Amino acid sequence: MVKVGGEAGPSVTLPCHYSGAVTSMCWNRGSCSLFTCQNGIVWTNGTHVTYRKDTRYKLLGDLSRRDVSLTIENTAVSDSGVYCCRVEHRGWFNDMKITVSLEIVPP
């Protein structure tokens, strides 16, 4: 599990990188599970973000180099929780899933 966090306010980045050919991914707000981002907050098509639930959610890394790290701007305590970085592959069982814990503490 990846552990990140900080005091509420400043941005935090949830690191996520994958291997192989460029492919689509989504971020889940919640633990990783069987199905693709059931509480999805960001979706990509491999090269671009196609949808985000909140404008605070940004992918500021180089997607073409498989850096799909999520930055949350203007963090709040309520952002705390488990997130899933899910990189989509062609099987049923072979998606790459990284679990990230986010801890945003009160100032």
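A residue's number is simply how far along the shown sequence it sits, counting from 1.
Using only C-alpha atoms and the B-factors in the entry, which stretch averages higher, 24 to 32 or 61 to 69?
Averaged over C-alpha atoms, the B-factors run higher in 61 to 69.
On mean Cα temperature factor in this entry, is 88 to 96 or 10 to 18 the higher one?
For C-alpha atoms only, the mean B-factor is higher in 88 to 96.
Mind checking which third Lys53 falls in for C-alpha B-factor across the chain?
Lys53: CA B-factor falls in the middle third of its chain.
Which third, lowest, middle or highest, does the CA B-factor of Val105 fall in along this chain?
Answer is highest: the recorded C-alpha B-factor places it there.
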